[PDB]
Ligand SMILES: [Ca+2]
Ligand SMILES: [Ca+2]
Ligand SMILES: [Ca+2]
Ligand SMILES: [Ca+2]
Ligand SMILES: [Ca+2]
Ligand SMILES: [Ca+2]
Ligand SMILES: [Ca+2]
Ligand SMILES: [Ca+2]
Ligand SMILES: [Ca+2]
Ligand SMILES: [Ca+2]
């Protein structure tokens with residue numbers, strides 16, 4: 052982390068370059084155990100994540130990624146399905162471009178003055194993922210992560226992803242109504258209150 | 218409720234007509250006709266209906282480089298910069314040594393040129409390849425170098441804008457350091473009274489994509505990647521008004537392909553969509569001038585003429601503007 | 218509470234007026250006028266209302282290149298550098314061989393130039409493409425090379441600053457090793473008493489974007505990527521003071537486009553916002569000299585003149601300054 | 218249900234025949250012939266059956282560069298630009314100093393050339409290597425430089441399109457700053473009446489692929505990576521019509537390889553699939569002229585003739601259009 | 218506790234003054250004056266205050282290249298290398314042919393020059409663009425090539441250091457392979473007794489950014505990206521001692537902009553912060569020579585003179601060291 | 218069931234023999250030889266047993282650049298393109314000055393050359409470095425420039441294919457601008473009847489991988505990174521037929537390393553695997569002509585002859601096709 056802001060606002064090139072640099076600078080600092088460990092998550096990403104949401122892989126990864134703590138606070142963006150947000154209803158489907166100011170306020174009332182828990186192995190990005198990146202869900206996140214949290218980049222196959230473990234509590238603040246690539250998403254800024 | 222090409226336009230809307238409100242897609246109703254909204258019908262199978270670099274949603278919403286004209290926002294009209302080069306004056310410089381003459385490099389030519397744009401798109405780094413011909417003898421083919429490069433060729437504008445002098449082409453080397461040679465025979469032909477013509481074989485340019493939030497990059501984005509695609513799936517329409525010319529290309533449906541789902545357009549519908557003309561009393565008017573068939577002159581080539589006659593013999597309306605527009609037709613309209 | 222285009226300004230704030238305090242957006246009130254705050258209105262559908270690379274939030278909060286004049290902090294005014302090149306002297310270097381002359385390489389011209397910025401922006405790598413003309417004949421169109429590239433053109437400043445000699449312009453090659461030629465015909469035409477004129481066909485450059493914490497990036501961010509868009513969605517207002525010239529481009533609405541949600545402005549309001557004038561006693565003052573319609577001379581071209589005649593014959597107040605400004609009118613203010 | 222080569226087409230579908238509806242693969246039925254669908258058989262063990270860079274799914278669905286002809290949609294026909302160079306005139310410039381002659385650089389040649397594409401694919405940066413031969417001696421080989429590079433070469437089209445004069449070629453240096461020399465010996469041989477021929481050795485180019493949201497990209501994707509593979513696993517079929525020539529390359533099965541699972545084709549079926557001909561009344565017609573063996577002339581080389589004679593003497597039907605097509609056969613059809 | 222501009226120093230500390238203890242910031246007290254620590258106050262709305270690339274945290278902590286003078290650690294002073302070129306001698310070479381002379385290239389020049397740094401920073405790759413003038417006509421404008429590029433120009437030092445001979449400037453091309461020509465008229469003007477002068481229009485340099493570990497990067501970072509910003513938010517103060525000069529820039533507040541939260545400074549405070557002077561007996565001393573108003577001579581231009589004139593009629597103390605420091609004044613102090 | 222170097226091939230399969238079926242390796246049995254399969258044995262410690270860039274699994278399955286010959290599918294045979302240059306004619310250009381001669385640049389040569397590939401691989405950008413020698417004195421060593429670079433040298437073919445004229449090589453600078461000089465002494469030696477020979481020192485080129493998603497990349501993948509590896513762990517075997525020459529490199533085993541686990545091959549098995557010969561009645565047949573030791577001439581150098589003598593004296597069969605093949609042997613086969 053030689054030089055990097057809290058948030059790379061809509062900067063894909065700088066995020067990718069810095070994530071390459073940190074992936075290299077971590078790969079030539081780590082040991083062989085996580086070298087043979089992270090491939091398991093790399094090729095069964097859903098399995099180990101939905102298991103950590119037989120313990121050798123989880124323990125090795127937790128130990129190897131609770132050791133790369135970040136100093137500056139950061140802002141991260143990931144797409145999160147609003148099915149774990151106590152929103153048991155549906156908001157949209159994948160291609161229905163319309164969101165309504167009748168379920169927008171319902172989402173506002175559902176997530177308000179409530180600290181939702183969020184813990185588990187997962188994947189995030191370093192920038193605003195619009196116009197070209199995958200858009201699996203109509204809820205973008207704007208988590209704010211404090212100092213001393215786990216972080217590691219890793220190059221899957223010439224493409225770079227990033228893993229974080231979390232003992233988190235999201236603590237939402239507001240909800241924007243972004244329209245990007247002709248679609249109505251909710252951008253949700255949140256501030257971590259660590260337990 | 219379904220999207221196959223994932224262009225952020227649902228399949229039913231793309232087939233039955235849709236409009237863009239608040240950068241989002243909705244069904245077209247008759248109430249939006251009087252508000253200034255237009256009806257967009259596009260292909261529901263691929264991401265780009267006209268083949269131009271902007272997708273169906275970007276074209277329909279106008280979320281692209283804003284210098285693109287309004288009539289290119291229809292998905293069936295291709296955002297396409299048609300760039301020409303007009304020659305204004307030619308200078309002949311004989312390098313006779315006085316104190380002698382060389383019979384291979386006896387003359388150097390300064391060609392005054394000016395770039396013209398006529399399509400619905402700006403070419404952000406204009407690089408024409410121009411060959412100078414003299415009695416059928418192509419003297420030299422010169423690509424525009426760094427000195428003669430042109431940025432910001434807005435539609436309907438000239439790179440040396442009105443009130444500015446033409447640009448000077450005098451160098452054939454890639455770095456503008458070597459002057460254009462002319463030998464003794466073609467110098468004698470030029471002095472006899474023959475005139476050098478200038479032709480444009482290709483134009484290489486760039487298009488700006490609205491990357492991130494308002495950022496525009498015109499590096500690595502070349503129009504030559506889509507020149508062939510647009511010239512393949514389209515038909516060319518040219519209007520020659522007394523003061524300006526307008527060249528566009530309209531997407532056409534293929535009967536031989538069952539999986540080609542581009543919407544059917546007549547020639548009249550194609551003209552209206554490609555030109556933004558207004559329907560007054562049923563007729564078509566383009567900027568307060570008549571454009572309907574009975575008031576203009578139509579010129580076609582052999583292929584378009586044969587197709588038009590055969591399809592009119594098949595049809596019953598016996599009107600050129602009421603026949604289906606096929607792929608690869610040249611139509612020139614003069615007023 | 219609802220933002221469509223992601224500029225961190227909500228739609229209600231953008232439509233009804235807003236101001237920037239401690240790098241956040243709040244509603245505008247009349248009580249904020251005495252402190253020195255200004256009322257801002259922008260487009261709630263477009264990330265960049267004016268077309269310049271800086272978004273509405275960056276322009277309103279002033280989180281940009283601080284050398285940009287404060288009149289461009291308004292989102293409706295385009296941060297857009299207007300760079301001209303003034304010609305101060307011309308030097309003839311005839312290469313006579315004395316111990380012989382060549383009528384194709386008879387002279388070398390060294391032109392003394394000096395850059396002039398008049399827009400509301402610094403243009404970080406000024407590279408003018410200038411053509412030399414005589415008798416209406418274009419001598420050479422040459423782009424400035426690395427010797428002649430003048431970085432840092434501040435607003436209202438010349439690249440050879442006050443007290444410094446003009447820049448020298450004598451090489452046509454990309455690497456400055458070939459001098460500009462003149463053949464004997466136009467050498468004798470210059471000797472006959474004619475004068476070389478210089479024109480600036482275009483000027484290429486860069487703008488400094490903000491990256492990391494306080495970092496300014498100028499590489500790969502060219503102005504020509506946005507010049508065409510700005511010149512499309514704007515109108516030009518030129519004040520001609522006795523000692524300086526001020527050129528601005530102000531975004532104006534389109535009536536034929538219902539989705540164009542840029543705020544409506546009058547020509548007088550546009551002049552006030554572009555030049556940073558002060559509304560005193562109902563009159564407009566810009567730096568202790570009157571600027572109102574009855575005190576200055578307004579000059580337009582043909583389309584703008586007829587536009588204002590139509591709008592005046594349709595209007596009731598019968599005054600120029602309170603009429604709607606629309607996209608593509610040229611205004612010249614002379615005091 | 219199972220896919221081995223990971224090309225989004227099931228192995229059973231690829232082996233039994235399939236067609237693409239709604240950009241997805243379904244089993245073929247006889248009722249789909251009346252809708253215009255064409256039967257597709259591919260290889261389930263290799264991703265790209267023909268060897269061209271587009272996969273079997275992209276080729277069958279038509280989701281590639283849309284300028285590719287419809288005949289190349291069948292996965293057994295390789296999208297392959299056959300590009301040649303044609304001389305139209307030769308201009309000789311004698312380099313005599315008149316007040380003297382040099383015996384090493386006595387003459388310069390202006391070669392007027394025109395490109396010709398005939399295969400079912402467009403090449404996006406046509407850089408050919410032309411060797412100028414005279415009396416059995418190769419005067420020079422010249423790769424096209426930036427001035428002679430021709431982009432957007434659609435099939436059946438010339439880079440200087442019909443109506444434009446041919447392109448000039450006069451420099452051998454990579455930057456066009458050195459004319460082609462000819463010494464006194466070949467100058468005298470040319471003056472004696474011997475004519476310069478031109479041949480094409482290699483032709484480099486690019487092809488368009490799909491990149492993320494940036495759509496068509498053409499830089500870094502050269503044909504020279506794939507033309508070796510295609511020319512290896514194919515048989516070349518040439519049609520000679522008095523208007524145009526058609527060169528195709530149809531993939532062939534290797535009998536001695538038990539992993540080569542490419543579909544088995546006869547010569548008649550291969551010609552029909554290569555040219556998109558229609559089989560009516562038993563015979564094959566290509567654009568309403570007959571193509572059957574009783575109406576055309578077939579020309580082979582020695583290896584193809586011996587292969588065809590042996591296979592005919594082994595076969596019982598004794599028809600050239602009914603015999604198995606092997607690898608590396610050259611067939612020319614004259615009408 | 219709360220930080221807005223995000224420079225690792227809270228806004229309360231930024232407004233009330235701060236100092237650095239063990240690479241962290243604490244609230245400033247008067248007790249730290251005796252230990253040598255100074256008082257730092259900066260702008261809580263800008264990541265970097267003075268306009269220089271380094272953030273306020275790095276400037277206060279000294280965590281950058283240590284060749285910067287220790288008074289520039291104050292955030293309100295600008296890390297800003299002001300350099301010039303001192304021409305020491307001229308060598309002229311008239312290239313006559315003895316067995380002839382060319383009137384266009386009759387002479388060449390060898391300009392012996394030496395770089396002079398006076399700012400509070402080095403440029404790690406000095407590249408001056410200097411023009412050579414003779415009786416008002418500019419001979420040539422030359423940017424330094426790779427031969428004349430000087431690294432490590434430390435403050436108060438020359439690039440050819442003391443005891444070394446001046447550098448030679450003789451080439452105009454980007455690669456040093458073309459000498460500077462002089463025609464016959466300027467040759468005669470030189471030989472008549474007139475002297476060629478030299479001026480520095482611009483200097484291109486690099487600033488070294490320091491990473492978390494020991495790593496200084498000076499590639500891709502330019503001063504020209506920030507010198508406009510510094511000249512905008514800065515005011516120039518010049519000190520002229522007999523043996524050395526000291527040029528500095530101190531950020532000034534704008535009273536018309538409510539959001540310009542840069543700290544308020546007087547002229548005397550600005551001078552003492554920009555030169556690291558100490559308060560002895562109430563007066564100010566800079567290296568054992570009095571600098572106060574009654575002992576030195578202060579020179580300004582017309583605009584600065586008028587500014588201090590009106591501010592002095594408003595002020596009651598009538599002291600030029602107690603007058604408000606506004607944007608863009610030029611001060612020359614001669615002792 | 219255990220893989221040591223994770224090359225998709227189990228250790229037991231690699232040691233005891235395997236064949237490929239449906240792109241997965243299975244144990245080899247005697248019943249598979251009737252269907253056209255072959256027996257593959259490789260080294261279970263090195264991912265590339267022959268040193269060529271393709272993995273053992275890729276070589277066995279044939280999932281590489283498909284123009285590689287079928288006999289290089291055996292992992293022990295090295296995919297290695299042997300490229301030579303054959304000189305067909307010499308063009309002599311004497312640059313006498315007629316109206380003089382310079383004895384330092386008195387002659388210019390234009391060598392007509394043609395490339396020959398003999399190995400089992402196509403070499404995708406052929407760049408030969410050839411020296412022109414004259415009675416032992418090397419006149420000049422030229423690496424082929426952009427004009428002379430020939431892509432697509434397929435195995436058993438020439439870069440100017442059968443039917444085209446030889447390529448011309450006439451310049452030695454990188455950007456092809458200056459011809460090859462010959463001085464007075466060498467010109468007179470040429471006129472006296474001596475001839476110029478052409479030898480090839482190195483040939484640089486590329487190869488095709490498939491590491492990208494369904495694409496072939498031949499930029500930065502040079503053969504020069506592997507020819508030394510193959511020449512180290514390989515033994516060269518050359519067959520000389522009347523119409524063609526076939527040169528192969530078969531990897532051998534070292535008896536001084538206990539970890540070099542490559543299969544042991546005799547010279548008979550090596551020849552059969554390297555040329556794809558068929559065992560008919562015990563003898564070896566390649567293209568229907570016998571190559572058995574009784575009916576062929578075998579040529580060895582001195583070291584190979586000494587090795588063959590010392591190894592035959594300790595053998596009971598006294599047959600050259602039975603002795604173990606060693607590392608770095610040269611065997612020439614002439615029928
Ligand atoms: Ca759709
Ligand atoms: Ca669509
Ligand atoms: Ca907005
Ligand atoms: Ca906005
Ligand atoms: Ca398959
Ligand atoms: Ca397949
Ligand atoms: Ca702060
Ligand atoms: Ca600060
Ligand atoms: Ca293995
Ligand atoms: Ca192995």
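Protein chains in written order, with the entry's author numbering: chain Z, 52 to 104, 119 to 260; chain B, 218 to 316, 380 to 615; chain A, 218 to 316, 380 to 615; chain C, 218 to 316, 380 to 615; chain G, 218 to 316, 380 to 615; chain D, 218 to 316, 380 to 615. Note that CB positions come from ideal geometry on N, CA and C, so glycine has one too.
Task: residue 474 of chain G, DSSP secondary structure in three states - done: coil
Task: Proximal chain C residues relative to residue 306 of chain D, where beta-carbon distance stays under 9 Å - done: 416, 417, 418
- [ ] For residue 135 of chain Z, decide whether its Cβ has a neighbour in chain G, counting only Cβ atoms nearer than 7 Å.
- [x] no
Open item on the list: Give me the chain B residues within the contact set of residue 413 of chain A, using Cβ-Cβ distance strictly less than 7 Å, ordered along the chain.
Closed with: 445
Task: 8 Å Cβ cut-off: residues of chain B touching residue 374 of chain A - done: Absent from the coordinates is residue 374 of chain A, which sits in the stretch where chain A moves from 316 straight to 380.
Task: residue 548 of chain A in three-state terms, based on DSSP - done: helix
TODO: List the residues of chain A whose Cβ lies closer than 7 Å to the Cβ of residue 426 of chain B, in chain order.
DONE: 423, 454
Open item on the list: For a contact defined as C-beta to C-beta under 8 Å, what are the partners of residue 246 of chain Z on chain B?
Closed with: 225, 274
Open item on the list: Here's the rule: buried if 16 or more other CB atoms are within 10 angstroms of the residue's CB, otherwise exposed. What is residue 504 of chain C?
Closed with: buried
- [ ] Following the continuous beta strand (DSSP E) through residue 231 of chain Z, name the residue where it begins and the one where it ends.
- [x] That residue, residue 231 of chain Z, is in no beta strand (DSSP E); it is neither H nor E in DSSP.
Open item on the list: Closer than 7 Å between the C-beta and any heavy atom of ligand 10: which residues qualify, listed along the chain?
Closed with: D/222, D/224, D/226, D/231, D/259, D/260, D/261, D/262, D/263, D/264, D/266, D/273
Task: Partners in chain C for residue 484 of chain B, counting only beta-carbon separations shorter than 7 Å - done: 431
Open item on the list: What I want to know is whether the C-beta of residue 220 of chain G ends up closer than 6 Å to one or more non-hydrogen atoms of ligand 7.
Closed with: yes
TODO: Report yes if the C-beta distance between residue 299 of chain B and residue 399 of chain B is below 7 Å; otherwise report no.
DONE: yes
TODO: Count the other CB atoms, across all protein chains shown, that sit within 10 Å of the CB of residue 286 of chain A; report buried if there are 16 or more and exposed otherwise.
DONE: buried
Open item on the list: Does chain C have any CB closer than 7 Å to the CB of residue 234 of chain D?
Closed with: no
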